[PDB]
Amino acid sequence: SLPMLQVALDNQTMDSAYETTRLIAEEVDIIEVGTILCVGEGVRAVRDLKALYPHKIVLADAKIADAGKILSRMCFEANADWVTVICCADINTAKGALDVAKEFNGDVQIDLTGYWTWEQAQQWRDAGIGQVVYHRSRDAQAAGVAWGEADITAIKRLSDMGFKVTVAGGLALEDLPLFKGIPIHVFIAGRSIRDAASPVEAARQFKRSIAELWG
């Protein structure tokens, strides 16, 4: 199978986000309401984007740290398909978000930005979490942290634990070959699509490269 492409809408306002979606909504598989757009506009962003693009998967990247049931329910009532819970959260937070998700036929991903352990990863699997976002912090990226050997190893180990792994964090087109041969579920691109001279062509380039690399 080919890795899917997720666009991150890390825009501060809905009209900024629409400037991207009007160009690339049909060029990508998943539309992410980024954490920045969740904070800028609140959960209406989820409701509105799903109303515009009801045939697409809409992910609310809320990076829930606690109050798993309440915050997941807000996102799902706004018609989210998927929500994110941050890796450090108490296990009951992921569990709570998962129970709500099942009411709505949605799903939960654990976002792996920052500091987590393999013991925690086992708890997620035991709790019934099936997706994780292996995620380089943009702030670490800005401080020179590059994709590398240890990432490939960890991504493979997560996959062998039975998770579908999404990869994210300042991904550029030139980074995709690093991941060749690994059954990546989804690649997320925010800035490398939204900020391109032609977002459409940026998205199509990611799709072509993926098709070549995983074909």
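Each residue number is its position in the shown sequence, starting from 1.
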item: Greater mean Cα temperature factor according to the PDB record, 141-149 or 83-91; value: 141-149
item: Stretch with the greater mean C-alpha B-factor as recorded in the entry, comparing 155-163 against 33-41; value: 155-163
item: Maximum C-alpha temperature factor, selected from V108, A127, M74, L112; value: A127
item: Options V46, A62, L178, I57 - largest CA temperature factor per the record; value: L178
item: Entry-reported Cα temperature factor of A172, expressed as the chain third it lands in; value: highest
item: Third of the chain's Cα B-factor distribution that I182 belongs to, per the entry; value: highest
item: Chain-wide C-alpha B factor ranking for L2, given as lowest, middle or highest third; value: highest
